[PDB]
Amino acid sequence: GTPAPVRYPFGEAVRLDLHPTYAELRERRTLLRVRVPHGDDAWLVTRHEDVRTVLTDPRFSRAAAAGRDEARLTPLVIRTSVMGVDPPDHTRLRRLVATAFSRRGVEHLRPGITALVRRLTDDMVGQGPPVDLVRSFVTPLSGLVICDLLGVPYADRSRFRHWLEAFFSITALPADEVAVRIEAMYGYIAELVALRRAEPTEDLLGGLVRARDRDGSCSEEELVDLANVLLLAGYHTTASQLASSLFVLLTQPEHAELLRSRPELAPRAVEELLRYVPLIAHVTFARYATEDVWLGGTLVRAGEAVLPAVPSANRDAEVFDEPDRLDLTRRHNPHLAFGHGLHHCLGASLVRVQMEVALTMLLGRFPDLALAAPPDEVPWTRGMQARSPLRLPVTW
């Protein structure tokens, strides 16, 4: 007899604020049996120590969820490519993109990103306040970076960024509208992969089709999934953390000017903005136990699902000194904004480089940068999986 399931999500995720139950649950050292919009009931994992465990312990599988009605907040189960398989499939698939995303491999992109940010703030200079930082800086920057690396025509952004938001939708779209766009995009990706047989390219997608076509290293659906997720995670998720990180600094401007006055702080400010800012609206993808695991006062049984509350982990007072204060100068930062262990975020370095350069130049070229509106009147996405302001008007 397991306890009565509580309704999760606890409520809408509002701006960057965290529901109070997360902190109560950490203090309790128990998991919470929850009942979610779709799929299985789960245990919600809130403590940094335990989200570490569920995210990478081998007794918690992420392929298991494919044989189940997966505990989730979206009406349709999303196909997560390398995010939804175990070894040996995860090792096979991740090997194909490991080096292009490495620290050394991403650093060779630093010129181009920097040239792209200069150009992006060149226009702002000429055009003058007010500016929506989202439409004029954040979306181009993460949109062009990922589209150049991956070979996806950024001229096509008018079409596919309609569909992109069907993968992120909790309550913003009906289940039939969700399924319609999801195939619209797979068709689009599947067509891109076709042209790369006709006419190979020198981008990351061009080599993935070579890898299937002459090494037989993946399935055609695994190739389309890997390609989808790499565009999903770079277009929207990168933009939302940067948008969100911009909204923080501009509402706590003594940190902006601290980072302004000390640019050598940039790698620290980037790690802290990944931790402080709750990008994940509620939880990350669920894991099913494959044998019996005891944690959070619970003997979680084989076949039962856990939901890792990454943003709660990152406020854990037993890991982070003063966890709900923004300390850009924090030196050691074992956060989980990029997950933990086996599925640790492939694009970790590309997000660091983008952020580092973007904050550094935005704050450098515009020493007067301030919001052009009351922070409470900045609008935020409603009913989506990643939290982001929809508009960031600034003046200088």
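In this text, residue numbers run from 1 along the sequence as written.
The stretch 163 to 171 shows the higher mean C-alpha B-factor when 139 to 147 is compared against 163 to 171 in the entry. Taking the PDB entry as given, 172 to 180 carries the higher mean Cα B factor of the two stretches 264 to 272 and 172 to 180.
Listed residues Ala286, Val152, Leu96, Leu279 were ranked by CA B-factor as deposited; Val152 comes out on top. Between the residues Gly207, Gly296, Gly105, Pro311, the entry's highest C-alpha temperature factor is the one at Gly207. When all modelled residues of the chain are sorted by CA temperature factor, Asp368 is found within the highest third. Compared with the other modelled residues of the chain, the Cα B-factor recorded for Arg315 ranks in the lowest third.
For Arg382, the recorded CA temperature factor ranks within the highest third of the chain's modelled residues.
Among all modelled residues in this chain, the alpha-carbon of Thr251 has a temperature factor (C-alpha) in the highest third.
When the CA B factors of the chain's modelled residues are split into thirds, the value for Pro20 lands in the lowest one.
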